[PDB]
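Text of model-v1.tsv (TSV, N, CA and C atoms) as supplied:
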chain	number	residue	atom	x	y	z
A	1	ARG	N	-1.57	-19.06	-5.79
A	1	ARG	CA	-1.78	-19.13	-4.37
A	1	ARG	C	-3.20	-18.78	-4.00
A	2	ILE	N	-3.79	-17.75	-4.66
A	2	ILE	CA	-5.16	-17.33	-4.49
A	2	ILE	C	-6.12	-18.46	-4.74
A	3	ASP	N	-5.85	-19.29	-5.78
A	3	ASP	CA	-6.66	-20.44	-6.11
A	3	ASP	C	-6.72	-21.43	-4.97
A	4	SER	N	-5.55	-21.73	-4.35
A	4	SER	CA	-5.46	-22.61	-3.20
A	4	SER	C	-6.30	-22.13	-2.04
A	5	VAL	N	-6.18	-20.82	-1.73
A	5	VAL	CA	-6.87	-20.13	-0.66
A	5	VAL	C	-8.39	-20.20	-0.78
A	6	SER	N	-8.93	-20.03	-2.01
A	6	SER	CA	-10.35	-19.93	-2.28
A	6	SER	C	-11.13	-21.18	-1.93
A	7	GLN	N	-10.56	-22.38	-2.18
A	7	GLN	CA	-11.18	-23.67	-1.90
A	7	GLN	C	-11.49	-23.75	-0.42
A	8	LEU	N	-10.50	-23.35	0.40
A	8	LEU	CA	-10.49	-23.43	1.84
A	8	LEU	C	-11.48	-22.49	2.46
A	9	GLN	N	-11.69	-21.29	1.85
A	9	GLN	CA	-12.65	-20.30	2.31
A	9	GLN	C	-14.06	-20.85	2.37
A	10	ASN	N	-14.50	-21.52	1.27
A	10	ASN	CA	-15.85	-22.02	1.12
A	10	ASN	C	-16.08	-23.17	2.08
A	11	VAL	N	-15.04	-24.02	2.25
A	11	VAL	CA	-15.00	-25.17	3.13
A	11	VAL	C	-15.28	-24.76	4.55
A	12	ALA	N	-14.64	-23.67	5.03
A	12	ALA	CA	-14.57	-23.29	6.42
A	12	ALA	C	-15.92	-23.09	7.06
A	13	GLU	N	-16.86	-22.42	6.34
A	13	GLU	CA	-18.22	-22.24	6.80
A	13	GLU	C	-19.01	-23.53	6.75
A	14	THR	N	-19.01	-24.19	5.57
A	14	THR	CA	-19.94	-25.25	5.23
A	14	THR	C	-19.68	-26.52	6.01
A	15	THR	N	-18.39	-26.78	6.33
A	15	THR	CA	-17.95	-27.93	7.06
A	15	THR	C	-18.51	-27.94	8.45
A	16	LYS	N	-18.66	-26.75	9.07
A	16	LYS	CA	-19.26	-26.60	10.37
A	16	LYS	C	-20.70	-27.05	10.32
A	17	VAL	N	-21.40	-26.80	9.18
A	17	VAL	CA	-22.74	-27.28	8.94
A	17	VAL	C	-22.81	-28.79	8.95
A	18	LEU	N	-21.92	-29.51	8.21
A	18	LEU	CA	-21.98	-30.97	8.14
A	18	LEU	C	-21.66	-31.59	9.46
A	19	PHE	N	-20.72	-30.98	10.20
A	19	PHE	CA	-20.24	-31.43	11.48
A	19	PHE	C	-21.41	-31.57	12.42
A	20	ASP	N	-22.26	-30.51	12.47
A	20	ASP	CA	-23.46	-30.46	13.26
A	20	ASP	C	-24.46	-31.48	12.79
A	21	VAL	N	-24.70	-31.52	11.45
A	21	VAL	CA	-25.71	-32.32	10.77
A	21	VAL	C	-25.53	-33.78	11.07
A	22	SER	N	-24.26	-34.25	11.07
A	22	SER	CA	-23.90	-35.63	11.32
A	22	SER	C	-24.28	-36.04	12.71
A	23	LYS	N	-23.96	-35.19	13.72
A	23	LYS	CA	-24.29	-35.43	15.10
A	23	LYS	C	-25.78	-35.39	15.34
A	24	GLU	N	-26.51	-34.51	14.59
A	24	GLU	CA	-27.95	-34.38	14.63
A	24	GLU	C	-28.61	-35.65	14.18
A	25	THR	N	-28.09	-36.24	13.09
A	25	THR	CA	-28.53	-37.50	12.54
A	25	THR	C	-28.39	-38.62	13.55
A	26	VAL	N	-27.24	-38.69	14.28
A	26	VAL	CA	-26.94	-39.69	15.28
A	26	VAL	C	-27.97	-39.70	16.39
A	27	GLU	N	-28.47	-38.51	16.78
A	27	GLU	CA	-29.55	-38.38	17.72
A	27	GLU	C	-30.81	-39.07	17.26
A	28	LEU	N	-31.17	-38.94	15.96
A	28	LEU	CA	-32.33	-39.56	15.37
A	28	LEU	C	-32.31	-41.06	15.47
A	29	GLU	N	-31.12	-41.68	15.33
A	29	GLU	CA	-30.96	-43.11	15.42
A	29	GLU	C	-31.18	-43.62	16.82
A	30	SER	N	-30.88	-42.81	17.86
A	30	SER	CA	-31.16	-43.15	19.24
A	30	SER	C	-32.63	-43.43	19.44
A	31	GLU	N	-33.47	-42.55	18.85
A	31	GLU	CA	-34.89	-42.63	18.96
A	31	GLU	C	-35.41	-43.82	18.19
A	32	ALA	N	-34.72	-44.16	17.07
A	32	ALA	CA	-35.00	-45.33	16.28
A	32	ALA	C	-34.87	-46.62	17.04
A	33	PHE	N	-33.96	-46.68	18.04
A	33	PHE	CA	-33.83	-47.80	18.94
A	33	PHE	C	-35.09	-48.04	19.72
A	34	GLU	N	-35.79	-46.95	20.13
A	34	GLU	CA	-37.01	-47.07	20.90
A	34	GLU	C	-38.07	-47.78	20.09
A	35	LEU	N	-38.14	-47.42	18.79
A	35	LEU	CA	-38.93	-48.08	17.79
A	35	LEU	C	-38.59	-49.53	17.68
A	36	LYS	N	-37.29	-49.90	17.62
A	36	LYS	CA	-36.85	-51.26	17.43
A	36	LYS	C	-37.38	-52.19	18.49
A	37	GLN	N	-37.39	-51.76	19.77
A	37	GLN	CA	-37.90	-52.59	20.83
A	37	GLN	C	-39.39	-52.77	20.73
A	38	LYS	N	-40.12	-51.73	20.26
A	38	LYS	CA	-41.53	-51.81	19.95
A	38	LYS	C	-41.85	-52.81	18.87
A	39	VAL	N	-41.05	-52.81	17.78
A	39	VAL	CA	-41.17	-53.70	16.65
A	39	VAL	C	-41.09	-55.12	17.11
A	40	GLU	N	-40.10	-55.41	17.99
A	40	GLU	CA	-39.84	-56.74	18.49
A	40	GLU	C	-41.02	-57.28	19.25
A	41	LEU	N	-41.61	-56.46	20.15
A	41	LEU	CA	-42.62	-56.91	21.09
A	41	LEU	C	-43.85	-57.35	20.34
A	42	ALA	N	-44.20	-56.57	19.30
A	42	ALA	CA	-45.30	-56.85	18.42
A	42	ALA	C	-45.13	-58.11	17.65
A	43	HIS	N	-43.93	-58.33	17.08
A	43	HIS	CA	-43.63	-59.50	16.30
A	43	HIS	C	-43.79	-60.76	17.10
A	44	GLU	N	-43.28	-60.75	18.35
A	44	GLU	CA	-43.32	-61.89	19.25
A	44	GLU	C	-44.73	-62.24	19.59
A	45	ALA	N	-45.53	-61.20	19.91
A	45	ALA	CA	-46.93	-61.34	20.22
A	45	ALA	C	-47.73	-61.92	19.08
A	46	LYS	N	-47.46	-61.46	17.83
A	46	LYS	CA	-48.12	-61.94	16.64
A	46	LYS	C	-47.83	-63.38	16.37
A	47	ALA	N	-46.59	-63.82	16.66
A	47	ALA	CA	-46.15	-65.16	16.39
A	47	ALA	C	-46.82	-66.15	17.29
A	48	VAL	N	-46.86	-65.85	18.61
A	48	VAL	CA	-47.54	-66.68	19.59
A	48	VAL	C	-49.00	-66.79	19.28
A	49	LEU	N	-49.62	-65.66	18.85
A	49	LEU	CA	-51.01	-65.55	18.52
A	49	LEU	C	-51.32	-66.38	17.31
A	50	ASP	N	-50.36	-66.46	16.36
A	50	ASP	CA	-50.49	-67.30	15.20
A	50	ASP	C	-50.45	-68.75	15.60
A	51	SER	N	-49.59	-69.12	16.56
A	51	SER	CA	-49.49	-70.48	17.05
A	51	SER	C	-50.75	-70.92	17.73
A	52	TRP	N	-51.39	-70.00	18.49
A	52	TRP	CA	-52.64	-70.25	19.15
A	52	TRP	C	-53.75	-70.50	18.18
B	1	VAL	N	-21.29	-42.31	11.74
B	1	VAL	CA	-20.76	-41.79	13.03
B	1	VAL	C	-20.19	-40.41	12.86
B	2	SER	N	-19.66	-39.84	13.97
B	2	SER	CA	-19.41	-38.42	14.10
B	2	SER	C	-18.16	-38.13	13.31
B	3	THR	N	-18.27	-37.14	12.40
B	3	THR	CA	-17.20	-36.65	11.57
B	3	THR	C	-15.99	-36.23	12.35
B	4	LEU	N	-14.81	-36.40	11.72
B	4	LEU	CA	-13.54	-36.01	12.26
B	4	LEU	C	-13.34	-34.53	12.04
B	5	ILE	N	-12.37	-33.95	12.77
B	5	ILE	CA	-12.13	-32.53	12.87
B	5	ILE	C	-11.06	-31.98	11.92
B	6	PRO	N	-10.25	-32.66	11.09
B	6	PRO	CA	-9.43	-32.05	10.05
B	6	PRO	C	-9.97	-31.03	9.08
B	7	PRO	N	-11.20	-30.98	8.54
B	7	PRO	CA	-11.52	-30.09	7.43
B	7	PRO	C	-11.55	-28.65	7.86
B	8	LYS	N	-11.65	-28.43	9.18
B	8	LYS	CA	-11.87	-27.16	9.80
B	8	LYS	C	-10.61	-26.73	10.49
B	9	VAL	N	-9.47	-27.37	10.16
B	9	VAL	CA	-8.17	-27.10	10.73
B	9	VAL	C	-7.30	-26.84	9.53
B	10	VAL	N	-6.66	-25.65	9.47
B	10	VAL	CA	-5.74	-25.27	8.42
B	10	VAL	C	-4.74	-24.42	9.14
B	11	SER	N	-3.43	-24.63	8.87
B	11	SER	CA	-2.40	-23.97	9.62
B	11	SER	C	-1.05	-24.31	9.06
B	12	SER	N	-0.96	-25.09	7.96
B	12	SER	CA	0.33	-25.42	7.39
B	12	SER	C	0.20	-25.61	5.91
B	13	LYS	N	-0.77	-24.91	5.30
B	13	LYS	CA	-0.87	-24.79	3.86
B	13	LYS	C	0.02	-23.64	3.44
B	14	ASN	N	0.48	-22.83	4.42
B	14	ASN	CA	1.21	-21.61	4.20
B	14	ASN	C	2.69	-21.88	4.15
B	15	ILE	N	3.11	-23.14	4.34
B	15	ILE	CA	4.45	-23.58	4.07
B	15	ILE	C	4.32	-24.72	3.11
B	16	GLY	N	3.06	-25.13	2.83
B	16	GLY	CA	2.75	-26.40	2.25
B	16	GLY	C	2.93	-26.39	0.77
B	17	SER	N	2.97	-25.18	0.17
B	17	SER	CA	3.12	-25.06	-1.25
B	17	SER	C	4.20	-24.06	-1.53
B	18	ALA	N	4.74	-24.17	-2.76
B	18	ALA	CA	5.86	-23.44	-3.28
B	18	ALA	C	5.58	-21.95	-3.42
B	19	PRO	N	4.40	-21.43	-3.80
B	19	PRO	CA	4.22	-20.00	-4.00
B	19	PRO	C	4.23	-19.23	-2.72
B	20	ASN	N	4.21	-19.90	-1.54
B	20	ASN	CA	4.42	-19.26	-0.25
B	20	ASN	C	5.77	-18.61	-0.17
B	21	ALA	N	6.82	-19.31	-0.66
B	21	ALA	CA	8.18	-18.81	-0.71
B	21	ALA	C	8.28	-17.59	-1.60
B	22	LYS	N	7.61	-17.65	-2.78
B	22	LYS	CA	7.56	-16.57	-3.73
B	22	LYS	C	6.77	-15.41	-3.21
B	23	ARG	N	5.69	-15.70	-2.45
B	23	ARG	CA	4.83	-14.73	-1.84
B	23	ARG	C	5.61	-13.88	-0.89
B	24	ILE	N	6.39	-14.50	0.02
B	24	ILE	CA	7.12	-13.76	1.02
B	24	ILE	C	8.26	-13.00	0.42
B	25	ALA	N	8.71	-13.40	-0.79
B	25	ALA	CA	9.66	-12.66	-1.58
B	25	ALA	C	9.03	-11.42	-2.16
B	26	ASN	N	7.85	-11.55	-2.80
B	26	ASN	CA	7.27	-10.53	-3.64
B	26	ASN	C	6.37	-9.62	-2.85
B	27	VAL	N	6.12	-9.90	-1.55
B	27	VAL	CA	5.52	-8.93	-0.65
B	27	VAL	C	6.55	-7.91	-0.25
B	28	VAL	N	7.85	-8.28	-0.25
B	28	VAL	CA	8.89	-7.36	0.12
B	28	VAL	C	9.26	-6.62	-1.11
B	29	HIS	N	9.54	-7.36	-2.22
B	29	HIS	CA	9.96	-6.78	-3.47
B	29	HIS	C	8.89	-5.89	-4.01
B	30	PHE	N	7.62	-6.34	-3.96
B	30	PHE	CA	6.54	-5.59	-4.53
B	30	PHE	C	5.63	-5.26	-3.40
B	31	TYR	N	5.72	-3.97	-3.03
B	31	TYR	CA	5.12	-3.30	-1.91
B	31	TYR	C	6.06	-2.14	-1.71
B	32	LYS	N	7.37	-2.36	-1.95
B	32	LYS	CA	8.42	-1.39	-1.78
B	32	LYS	C	9.08	-1.19	-3.11
B	33	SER	N	8.45	-1.75	-4.17
B	33	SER	CA	8.81	-1.56	-5.55
B	33	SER	C	8.62	-0.12	-5.93
B	34	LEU	N	9.51	0.38	-6.80
B	34	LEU	CA	9.39	1.70	-7.37
B	34	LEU	C	8.76	1.50	-8.71
B	35	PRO	N	8.11	2.48	-9.33
B	35	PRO	CA	7.44	2.28	-10.60
B	35	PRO	C	8.47	2.08	-11.68
B	36	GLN	N	9.65	2.70	-11.50
B	36	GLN	CA	10.71	2.76	-12.47
B	36	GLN	C	11.98	2.75	-11.66
B	37	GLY	N	13.09	2.24	-12.26
B	37	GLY	CA	14.40	2.18	-11.65
B	37	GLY	C	15.00	3.57	-11.56
B	38	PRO	N	16.14	3.76	-10.90
B	38	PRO	CA	16.77	5.07	-10.74
B	38	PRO	C	17.51	5.59	-11.96
B	39	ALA	N	18.63	4.97	-12.44
B	39	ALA	CA	19.45	5.64	-13.43
B	39	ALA	C	20.28	4.73	-14.34
B	40	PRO	N	20.55	5.20	-15.58
B	40	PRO	CA	21.31	4.46	-16.56
B	40	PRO	C	22.65	5.17	-16.67
B	41	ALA	N	23.20	5.70	-15.55
B	41	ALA	CA	24.37	6.55	-15.46
B	41	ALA	C	24.13	7.93	-16.01
B	42	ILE	N	24.76	8.95	-15.37
B	42	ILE	CA	24.43	10.34	-15.63
B	42	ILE	C	25.55	11.25	-15.14
B	43	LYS	N	26.47	10.74	-14.29
B	43	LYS	CA	27.55	11.54	-13.75
B	43	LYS	C	28.75	11.47	-14.64
B	44	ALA	N	29.38	12.65	-14.84
B	44	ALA	CA	30.63	12.87	-15.52
B	44	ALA	C	30.70	14.35	-15.75
B	45	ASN	N	29.87	15.14	-15.02
B	45	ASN	CA	29.68	16.56	-15.19
B	45	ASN	C	30.94	17.39	-15.04
B	46	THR	N	31.09	18.37	-15.97
B	46	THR	CA	32.09	19.41	-16.06
B	46	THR	C	32.01	19.87	-17.51
B	47	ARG	N	30.83	19.65	-18.15
B	47	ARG	CA	30.55	19.88	-19.55
B	47	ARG	C	31.00	18.64	-20.27
B	48	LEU	N	30.94	17.51	-19.54
B	48	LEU	CA	31.32	16.20	-19.97
B	48	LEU	C	30.28	15.22	-19.48
B	49	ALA	N	29.26	15.67	-18.71
B	49	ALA	CA	28.12	14.82	-18.43
B	49	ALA	C	27.32	14.74	-19.70
B	50	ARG	N	27.42	15.79	-20.55
B	50	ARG	CA	26.90	15.84	-21.88
B	50	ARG	C	27.62	14.90	-22.82
B	51	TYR	N	28.96	14.75	-22.67
B	51	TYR	CA	29.75	13.85	-23.49
B	51	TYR	C	29.35	12.41	-23.29
B	52	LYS	N	29.17	12.02	-22.01
B	52	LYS	CA	28.71	10.72	-21.60
B	52	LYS	C	27.28	10.53	-22.00
B	53	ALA	N	26.46	11.59	-21.91
B	53	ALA	CA	25.05	11.52	-22.18
B	53	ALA	C	24.77	11.28	-23.63
B	54	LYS	N	25.61	11.85	-24.51
B	54	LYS	CA	25.41	11.74	-25.93
B	54	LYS	C	25.98	10.47	-26.46
B	55	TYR	N	27.03	9.92	-25.79
B	55	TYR	CA	27.81	8.88	-26.41
B	55	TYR	C	27.83	7.59	-25.65
B	56	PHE	N	27.83	7.65	-24.30
B	56	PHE	CA	28.08	6.52	-23.45
B	56	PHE	C	26.86	6.25	-22.61
B	57	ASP	N	25.67	6.64	-23.12
B	57	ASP	CA	24.40	6.25	-22.55
B	57	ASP	C	23.93	5.04	-23.29
B	58	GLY	N	22.80	4.47	-22.78
B	58	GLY	CA	22.10	3.35	-23.35
B	58	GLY	C	21.43	3.73	-24.64
B	59	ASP	N	21.34	5.06	-24.92
B	59	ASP	CA	20.73	5.62	-26.10
B	59	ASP	C	21.46	5.13	-27.33
B	60	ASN	N	22.81	5.11	-27.30
B	60	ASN	CA	23.56	4.62	-28.43
B	60	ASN	C	24.95	4.26	-28.01
B	61	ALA	N	25.53	3.30	-28.76
B	61	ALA	CA	26.93	3.02	-28.80
B	61	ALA	C	27.26	3.18	-30.24
B	62	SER	N	28.05	4.23	-30.54
B	62	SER	CA	28.39	4.61	-31.88
B	62	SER	C	29.82	5.03	-31.80
B	63	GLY	N	30.48	5.21	-32.98
B	63	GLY	CA	31.90	5.42	-33.07
B	63	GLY	C	32.36	6.82	-32.75
B	64	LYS	N	31.44	7.78	-32.53
B	64	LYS	CA	31.75	9.15	-32.15
B	64	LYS	C	32.63	9.37	-30.92
B	65	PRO	N	32.45	8.72	-29.76
B	65	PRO	CA	33.33	8.85	-28.62
B	65	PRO	C	34.68	8.27	-28.88
B	66	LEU	N	34.74	7.14	-29.62
B	66	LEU	CA	35.96	6.50	-30.03
B	66	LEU	C	36.86	7.44	-30.79
B	67	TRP	N	36.30	8.12	-31.82
B	67	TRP	CA	36.95	9.15	-32.59
B	67	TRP	C	37.45	10.25	-31.70
B	68	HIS	N	36.58	10.75	-30.79
B	68	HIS	CA	36.92	11.78	-29.85
B	68	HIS	C	38.05	11.39	-28.93
B	69	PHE	N	38.01	10.16	-28.38
B	69	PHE	CA	38.99	9.65	-27.45
B	69	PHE	C	40.32	9.44	-28.12
B	70	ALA	N	40.30	8.98	-29.39
B	70	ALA	CA	41.48	8.80	-30.20
B	70	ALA	C	42.19	10.10	-30.44
B	71	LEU	N	41.39	11.14	-30.77
B	71	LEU	CA	41.86	12.44	-31.16
B	71	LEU	C	42.55	13.16	-30.04
B	72	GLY	N	42.18	12.88	-28.76
B	72	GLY	CA	42.82	13.47	-27.60
B	72	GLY	C	44.26	13.06	-27.47
B	73	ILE	N	44.54	11.77	-27.72
B	73	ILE	CA	45.86	11.21	-27.64
B	73	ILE	C	46.69	11.65	-28.83
B	74	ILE	N	46.06	11.80	-30.02
B	74	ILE	CA	46.70	12.31	-31.22
B	74	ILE	C	47.15	13.73	-31.04
B	75	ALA	N	46.36	14.54	-30.29
B	75	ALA	CA	46.62	15.95	-30.07
B	75	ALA	C	47.75	16.15	-29.12
B	76	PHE	N	48.06	15.12	-28.32
B	76	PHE	CA	49.04	15.19	-27.27
B	76	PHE	C	50.33	14.99	-27.99
B	77	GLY	N	50.49	13.84	-28.66
B	77	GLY	CA	51.72	13.51	-29.30
B	77	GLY	C	52.01	14.33	-30.54
B	78	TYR	N	50.98	14.85	-31.26
B	78	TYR	CA	51.20	15.67	-32.43
B	78	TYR	C	51.84	16.99	-32.08
B	79	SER	N	51.37	17.64	-30.99
B	79	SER	CA	51.98	18.85	-30.46
B	79	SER	C	53.39	18.61	-29.97
B	80	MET	N	53.60	17.44	-29.33
B	80	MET	CA	54.87	17.00	-28.80
B	80	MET	C	55.86	16.64	-29.86
B	81	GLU	N	55.39	16.26	-31.07
B	81	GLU	CA	56.21	16.06	-32.24
B	81	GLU	C	56.99	17.29	-32.56
B	82	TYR	N	56.32	18.46	-32.56
B	82	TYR	CA	56.96	19.73	-32.78
B	82	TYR	C	57.73	20.19	-31.57
B	83	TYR	N	57.54	19.54	-30.40
B	83	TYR	CA	58.37	19.75	-29.24
B	83	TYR	C	59.63	18.92	-29.38
B	84	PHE	N	59.61	17.86	-30.23
B	84	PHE	CA	60.72	16.96	-30.46
B	84	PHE	C	61.39	17.26	-31.78
B	85	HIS	N	60.90	18.26	-32.54
B	85	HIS	CA	61.32	18.43	-33.91
B	85	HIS	C	61.17	19.93	-34.22
Reformat the file's structure so that it appears as structure tokens.
Amino acid sequence: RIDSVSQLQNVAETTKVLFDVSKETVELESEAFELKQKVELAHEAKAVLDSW
Amino acid sequence: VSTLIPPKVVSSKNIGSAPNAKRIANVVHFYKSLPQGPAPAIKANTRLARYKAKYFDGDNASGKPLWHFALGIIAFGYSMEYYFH
């Protein structure tokens, strides 16, 4: 029974860490969207400029 | 995406395995356990707790009480023989 209990003890603290970490990561991707629109604008501009 | 909430929820592992049943048994049994049991019989006192102690304890089962018990009945009828004769 002690063996069963021990696995769960270590989990209880560390899982709270991942829970936070995952949501923290999701925030970073929001900011990545801002980059994506920047990437697009440049590409379009370069293409027209190439045509010119 | 955002992790689910199961890993941080525990509340039925305590019925979830078999040693839980044994646990609730042996918390009662062992917690209120005595280091040693009470007795291997000891009463028959009248200068006969000694008779039981020497012969009818766990220490030995030997033919000595048998002889003694036989002899009591022999002593009854042997005396009575001379009451009949």
Counting only N, CA and C atoms, closest pick from A:9, A:1, A:38, A:29 relative to chain B is A:1
Pull out every residue of chain B that has at least one atom within 12 Å of chain A, counting only C-alpha atoms, and report them as a PyMOL selection string.
-> chain B and resi 1-11+13-24
* What is the distance, in Å and to one decimal place, between CA of residue 57 (chain B) and atom C of residue 74 (chain B)? ->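 Between CA of residue 57 (chain B) and atom C of residue 74 (chain B) the gap is 25.4 Å.
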Separating atom C of residue 40 (chain B) from atom N of residue 70 (chain B), to the nearest tenth of an Å, is a gap of 22.1 Å
> Please, what distance in Å, to one decimal, runs between atom C of residue 51 (chain B) and CA of residue 80 (chain B)?
Replying inline: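 Atom C of residue 51 (chain B) sits 26.5 Å away from CA of residue 80 (chain B).
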key: Spatial neighbours of region 58-67 of chain B, max dist 12 Å, only C-alpha atoms, sep filter under 5 positions, as a PyMOL selection string   = chain B and resi 39-42+48+50-53+72-74
request  = From a DSSP calculation on the backbone, collect every residue of region 43-76 of chain B in helix (DSSP H, G or I) and output the set as an MDAnalysis selection string.
outcome  = chainID B and resid 49:55 64:76
My structure is short of atoms at region 68-81 of chain B; please model N, CA, C and O atoms there, returning them as a compact mmCIF listing (two decimals), keeping the file's coordinate frame.
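Saved to out27.txt:
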# COMPACT_ATOMS: atom_id res chain seq x y z
N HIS B 68 36.58 10.75 -30.79
CA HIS B 68 36.92 11.78 -29.85
C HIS B 68 38.05 11.39 -28.93
O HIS B 68 38.97 12.17 -28.72
N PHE B 69 38.01 10.16 -28.38
CA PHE B 69 38.99 9.65 -27.45
C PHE B 69 40.32 9.44 -28.12
O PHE B 69 41.36 9.71 -27.53
N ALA B 70 40.30 8.98 -29.39
CA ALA B 70 41.48 8.80 -30.20
C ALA B 70 42.19 10.10 -30.44
O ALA B 70 43.41 10.19 -30.35
N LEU B 71 41.39 11.14 -30.77
CA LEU B 71 41.86 12.44 -31.16
C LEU B 71 42.55 13.16 -30.04
O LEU B 71 43.45 13.96 -30.28
N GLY B 72 42.18 12.88 -28.76
CA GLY B 72 42.82 13.47 -27.60
C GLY B 72 44.26 13.06 -27.47
O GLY B 72 45.12 13.88 -27.17
N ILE B 73 44.54 11.77 -27.72
CA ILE B 73 45.86 11.21 -27.64
C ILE B 73 46.69 11.65 -28.83
O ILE B 73 47.90 11.86 -28.71
N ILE B 74 46.06 11.80 -30.02
CA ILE B 74 46.70 12.31 -31.22
C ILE B 74 47.15 13.73 -31.04
O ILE B 74 48.17 14.13 -31.57
N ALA B 75 46.36 14.54 -30.29
CA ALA B 75 46.62 15.95 -30.07
C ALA B 75 47.75 16.15 -29.12
O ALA B 75 48.41 17.19 -29.15
N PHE B 76 48.06 15.12 -28.32
CA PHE B 76 49.04 15.19 -27.27
C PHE B 76 50.33 14.99 -27.99
O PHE B 76 51.16 15.90 -28.02
N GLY B 77 50.49 13.84 -28.66
CA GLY B 77 51.72 13.51 -29.30
C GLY B 77 52.01 14.33 -30.54
O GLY B 77 53.17 14.52 -30.87
N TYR B 78 50.98 14.85 -31.26
CA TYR B 78 51.20 15.67 -32.43
C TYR B 78 51.84 16.99 -32.08
O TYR B 78 52.73 17.47 -32.78
N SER B 79 51.37 17.64 -30.99
CA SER B 79 51.98 18.85 -30.46
C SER B 79 53.39 18.61 -29.97
O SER B 79 54.27 19.45 -30.13
N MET B 80 53.60 17.44 -29.33
CA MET B 80 54.87 17.00 -28.80
C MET B 80 55.86 16.64 -29.86
O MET B 80 57.06 16.61 -29.59
N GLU B 81 55.39 16.26 -31.07
CA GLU B 81 56.21 16.06 -32.24
C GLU B 81 56.99 17.29 -32.56
O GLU B 81 58.20 17.22 -32.77
